[PDB]
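Q: A single structure is presented below for examination.
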Amino acid sequence: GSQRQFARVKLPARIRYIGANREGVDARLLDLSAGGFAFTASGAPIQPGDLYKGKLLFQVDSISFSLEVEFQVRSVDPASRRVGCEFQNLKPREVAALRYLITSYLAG
Amino acid sequence: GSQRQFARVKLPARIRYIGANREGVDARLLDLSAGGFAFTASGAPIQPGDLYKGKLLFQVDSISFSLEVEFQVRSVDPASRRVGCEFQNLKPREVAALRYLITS
Ligand SMILES: Nc1nc2c(ncn2[C@@H]2O[C@@H]3COP(=O)(O)O[C@H]4[C@@H](O)[C@H](n5cnc6c(=O)[nH]c(N)nc65)O[C@@H]4COP(=O)(O)O[C@H]3[C@H]2O)c(=O)[nH]1
Ligand SMILES: Nc1nc2c(ncn2[C@@H]2O[C@@H]3COP(=O)(O)O[C@H]4[C@@H](O)[C@H](n5cnc6c(=O)[nH]c(N)nc65)O[C@@H]4COP(=O)(O)O[C@H]3[C@H]2O)c(=O)[nH]1
Ligand SMILES: Nc1nc2c(ncn2[C@@H]2O[C@@H]3COP(=O)(O)O[C@H]4[C@@H](O)[C@H](n5cnc6c(=O)[nH]c(N)nc65)O[C@@H]4COP(=O)(O)O[C@H]3[C@H]2O)c(=O)[nH]1
Ligand SMILES: Nc1nc2c(ncn2[C@@H]2O[C@@H]3COP(=O)(O)O[C@H]4[C@@H](O)[C@H](n5cnc6c(=O)[nH]c(N)nc65)O[C@@H]4COP(=O)(O)O[C@H]3[C@H]2O)c(=O)[nH]1
Ligand SMILES: Nc1nc2c(ncn2[C@@H]2O[C@@H]3COP(=O)(O)O[C@H]4[C@@H](O)[C@H](n5cnc6c(=O)[nH]c(N)nc65)O[C@@H]4COP(=O)(O)O[C@H]3[C@H]2O)c(=O)[nH]1
Ligand SMILES: Nc1nc2c(ncn2[C@@H]2O[C@@H]3COP(=O)(O)O[C@H]4[C@@H](O)[C@H](n5cnc6c(=O)[nH]c(N)nc65)O[C@@H]4COP(=O)(O)O[C@H]3[C@H]2O)c(=O)[nH]1
Ligand SMILES: [Zn+2]
Ligand SMILES: [Zn+2]
């Protein structure tokens with residue numbers, strides 16, 4: 001039946017985008033995969049289908065690595081404000097960079 | 001003639017740090033390796049032996065990379081103001097991140 005195509009991992013990372021009310025959002029990722037991510041929304045209304053451009057932020061030691069992304073909201077949990085998102089139009093460099101982060105995180 | 005321990009490449013990258021004049025420096029790299037980098041000095045005096053804490057920045061596509069690093073000036077060509085620098089005590093995670101980015 002339905003199958004998650006990419007493993008989802010809880011590696012430390014942040015999402016930054018401009019949402020409703022032209023308010024910026026800076027939130028901790030609940031999980032991350034080659035296909036998308038999840039985070040906890042912040043008060044401002046958000047609904048499945050909403051589309052945003054933003055930056056994925058990764059920091060370890062004195063490395064900071066950033067990824068500009070387009071994502072569409074695919075689920076919003078009213079109780080927890082959990083928002084689940086799908087990347088749209090990921091460039092091959094981006095895809096590969098994501099997989100590097102995720103492969104390294106898996107197995108240490 | 002010496003064999004360079006790390007291979008050097010010419011890619012779009014910049015170095016930022018606070019110089020001797022206490023004013024900011026923001027310069028394009030001449031080249032980069034996992035061991036260090038070079039750039040042309042334009043402002044304040046700078047000499048071999050100087051230590052700085054800086055930020056190495058790279059950006060291609062939607063990808064942006066940044067490494068906070070201590071570096072030591074190894075050489076300065078007084079004529080061209082070419083500065084050659086060596087990274088100080090990088091973590092293996094950081095060297096590996098450099099060797100990755102370079103390999104391209
Ligand atoms: N990946 C995923 N998709 C979801 C989920 N909830 C709804 N869907 C999607 O909506 C279809 C119907 O979901 P369902 O009503 O729970 O109806 C499901 C459900 O009754 C059952 N089922 C499928 N996988 C599982 C499972 O892992 N555990 C249990 N207890 N039942 C499952 O088979 C039916 C058909 O499933 P699918 O053909 O895959 O088609 C599913 C799926 O495409 C979810 O939690 N995870
Ligand atoms: N890291 C992360 N990515 C997210 C999240 N929400 C959406 N995405 C990404 O967006 C893809 C499409 O989401 P979908 O349309 O809801 O289409 C989904 C959805 O219908 C279903 N599904 C998968 N996992 C679940 C689940 O846990 N609960 C429910 N109800 N459905 C699920 O399976 C389809 C395909 O799943 P994927 O192949 O993984 O493909 C997902 C995933 O790459 C999230 O919370 N975290
Ligand atoms: N439309 C959509 N919604 C998503 C997606 N991913 C997560 N969600 C929503 O976020 C809820 C929590 O996701 P979870 O923590 O991964 O917690 C999930 C997860 O651990 C598990 N699960 C459900 N489907 C799958 C699957 O297809 N593959 C795997 N590995 N786990 C699944 O079941 C738990 C509860 O799933 P849900 O009741 O459906 O509750 C999910 C769902 O409402 C997605 O891809 N598409
Ligand atoms: N001044 C200097 N430059 C270095 C040194 N090591 C590498 N290079 C530079 O790297 C280029 C390619 O080096 P190579 O692969 O060894 O490729 C070189 C190498 O195979 C060979 N070669 C040139 N000089 C020598 C030498 O003195 N001893 C040996 N065994 N081979 C040499 O000729 C190839 C083309 O030489 P180039 O046109 O000059 O282009 C050289 C040269 O610009 C060095 O130790 N000193
Ligand atoms: N103190 C110090 N100064 C450095 C260093 N690397 C570069 N420089 C200085 O900046 C010039 C190098 O520019 P290049 O593009 O690598 O172009 C270089 C380079 O391609 C080649 N080459 C010369 N020596 C070597 C070597 O020992 N090993 C290798 N692999 N190539 C060399 O010949 C060109 C001219 O080399 P130079 O006449 O020496 O002129 C050099 C030198 O004055 C360093 O590691 N330490
Ligand atoms: N990307 C880049 N990194 C730099 C530069 N200058 C210094 N570094 C980094 O700092 C290390 C020590 O530089 P060095 O003391 O001048 O000690 C140098 C230097 O004495 C010699 N050397 C290598 N290439 C050249 C050259 O082209 N010209 C001259 N005159 N000497 C060179 O080989 C030694 C070791 O060089 P490396 O193994 O590569 O190891 C170098 C390198 O990792 C630069 O201009 N560009
Ligand atoms: Zn299923
Ligand atoms: Zn030669």
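Q: Given the -39500 (n - 2.57) contribution per DSSP H run of 4+ residues, what per-residue ellipticity at 222 nm results for the protein assembly as shown, rounded to the nearest 500 deg cm²/dmol?
A: On the way: 2 runs with 25 residues, N = 212.
Here the helix-only value at 222 nm equals -3500 deg cm²/dmol.
Q: If you look for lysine pairs in the protein assembly as shown that are eight or more places apart or on different chains, how many of them have Cα atoms under 19 Å apart?
A: Details: A:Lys10/A:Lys55; A:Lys53/A:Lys91; A:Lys55/A:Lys91; B:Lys10/B:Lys55; B:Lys53/B:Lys91; B:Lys55/B:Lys91.
Close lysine pairs found across the protein assembly as shown: 6.
Q: Residues of A:100-107, mean number of Cβ from any other protein chain within 10 Å of their own Cβ, rounded to a whole number?
A: Values: counts 2, 0, 0, 0, 4, 0, 0, 0.
Other-chain Cβ atoms within 10 Å of each residue's Cβ, averaged: 1.
Q: Okay, moving on. With springs only between Cα atoms under 10 Å apart, run a GNM on chain B and tell me which of B:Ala44, B:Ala13, B:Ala34 wobbles the most.
A: Evaluated over chain B, the most mobile residue of the options is B:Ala44.
Q: List every residue whose amide H lies under 5 Å from the amide H of B:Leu29, counting only residues 5 or more places away in sequence or on a different chain, with H placed 1.01 Å from N in the peptide plane.
A: Hits under the 5 Å cutoff: B:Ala13, B:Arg14, B:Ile15.
Q: Could you let me know the centre-to-centre spacing of the range B:1-51 and the range A:29-47, using Cα atoms, in angstrom?
A: Their Cα centres are 39 Å away from one another.
Ideal geometry is used to build each Cβ from the backbone, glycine not excepted, and the neighbour counts take in all protein chains shown. Here, each number is a calculation from the coordinates, and none is a lab measurement.
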